[PDB]
Structure formats: structure tokens, C-alpha cells
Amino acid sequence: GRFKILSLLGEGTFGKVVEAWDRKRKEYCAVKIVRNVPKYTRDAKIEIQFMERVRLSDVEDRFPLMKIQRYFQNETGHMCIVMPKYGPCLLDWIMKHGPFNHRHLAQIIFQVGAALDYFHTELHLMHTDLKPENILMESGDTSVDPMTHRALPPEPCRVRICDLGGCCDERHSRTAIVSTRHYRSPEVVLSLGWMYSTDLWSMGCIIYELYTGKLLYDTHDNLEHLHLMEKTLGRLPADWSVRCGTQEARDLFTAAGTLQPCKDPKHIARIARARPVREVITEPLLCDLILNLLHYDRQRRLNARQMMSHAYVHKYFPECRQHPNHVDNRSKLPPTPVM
């Protein structure tokens, strides 16, 4: 009727993202076509609801969050979310062109930070499912570095945070399980209590992957995940065995309170095969940024404002300080979250 399908941009379990022509509004768009199934149709209606709350408040698109244009339920019942056409996810870039250089990484960290502190302290929502697959480049345009001849992203490297289906609020289920496991914080795994700070754990795992091209935790099992945290970051806190909130979580510890060892030969090999982030990240400011996003203490862990205001971003993205989203170029902001 109004939207004519032009391209297939991507496909998955959720459904499809297509490029479409808006006949009444005279432009190209991306349309998310959700599979016409009761659980996804309702999670689309919930996902839609978080999307109108972002635009209606940020009416002049100050933060790099996705901005819905329109939506409808098709004549075949598929939920259809009309949005601007953005580019490919960060995962697509790192796999074709490799990791970003310090400047574009700093620019990416700045933008996601600005969006996340707006999410956390202005809307009081958590994303809970941030991953390189749903951080999209604003544009798919490419430039060539004259010295290295390698591909450079647009300057600045604008990105957009997507996939608001899993957004949570300030009294989500306390033992609720959030995040894709690769980017799932330990507080969620063992049900110790989680809030905004779990989005910052995911940023730590994403920033590691954007810089190394490798997942920090390529794991499918809670206990192997926890040993990898121990080998990449240091000992798990001693009190953790008394505070887990579900039976499943506490049975990963001794009667004494230490981690039970894995002996699946696949998990013994992988932990032996992981090396500490501190030896992989040679840049000391980038290392400190990643390590304190992966802090076991949810309150000493960096918040979104500290991440975007980190010394690493100030060194490699110095024009950070002339951006209208820089903290000192804004009025006094709501207080940052406590954990």
C-alpha cells in the first residue's frame, strides 16, 4: 500500500529488515518485519513502546539512539516497524576491515556513553542487550586512509543503538536473566542484583571486541563463563557464594565458597587459552577503561557518564570537548545511577 519493498538488508530469527520506499512520504526507509507469531508480535508491541518514548522526549535527536518513524500491523498480521535506513552493525565492520583505530573507537565510546546516560538517568531504562550486532553505523559510507590504504568509516563515525526489545526498569524481576550470554554481567548470572551498571559490563565486552576483533567470553556455560572472568580479570569476590539469589547460582560454588572447577576438556582448554585483558590491551588508558567497566563491584564500575568522559576518549577524540553532549558543555545533569 504505502511501503514498497526494495532491498533485503538483513534477516534473522526476529524476522527481516528491508529497505522500502515510502510512497506518501517520498523517501527510503528501513522496515523491520517481525515474524507473525504471538510472542514476537507482543515483544514487537513492547519494543515499539520503548521506541516512542525515546523519540517523544529527545525530539531533536541529540543522542545516537534509534528513532522510530512509524509502525503498523500488516494485513498478514506481521508487526512492521518503520525507521530510517542506517548502515551495518559494528560486527560487520570489524569482520571485514578489522578493529577500529583509537580515534574512531573513542568516537564510538563517546556516542554510546551519551546515549546510555540519557537512557539511564533521563528515561531510567536499561537496554540490557547491547552487542556489536545491534550497534549500527549511521551510514555505510567508506573512505580510504591515504597512508595505509585501509578503509576508514565516516568522519565522525556516527553510530545508532538499536534493539530495544529487552529494555527494563527500576524494579525488574530481581533474579531476572538479561543479556546475550557473551555480554552478560556476573551480577545477572548469579542473581546478585543488577540495574544500569549491567549495561556498562556489556560495553566493556563490546569495547574489548571492537579493539581486538575477538569475543572476550566465547562461552556457553555459566561456570566456564565465571572461570573466564577469573582468568581474564582476577578472583571473584569471596562473599559471592553467600549472596547468590537462586539455587542455580549458589550451586556453582563449594560448600566452602570457591568456584567449582570445570573438567570438560573444552573448558579446561579455553581458560588455559585466555590471557588477562591487562596484557592484551597495551594502551594503558584503554585498558583502565575496559577493566573498570568490568569491575566486579557494581558501584565502582564506571557509569555511562564516566565512560564517555574517560581519559581514553579525551586523548584520541580531543574534539570530544567541543561536542554539545560533553558533560561540561551541558547544564547540571541528573545524578548518575548508584549501581
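Residue numbers here begin at 1 and follow the sequence given.
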item	value
Which of 187-195 and 153-161 has higher mean CA B factor, as the PDB entry lists it	187-195
Per the entry, higher mean C-alpha B factor between 252-260 and 119-127	252-260
Which of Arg103, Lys96, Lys266, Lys214 ranks first by CA B-factor in the deposited coordinates	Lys266
Candidate residues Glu170, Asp218, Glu138, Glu133, the one whose C-alpha B factor the record puts highest	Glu170
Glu19 - Cα temperature factor, lowest/middle/highest third of chain	lowest
Chain thirds of CA B-factor: placement of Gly234	middle
Among modelled residues of the same chain, the CA temperature factor third for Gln49	middle
Third assignment of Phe63 from its chain's C-alpha B-factors	lowest
Third of the chain, ranked by Cα B-factor, where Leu56 sits	highest
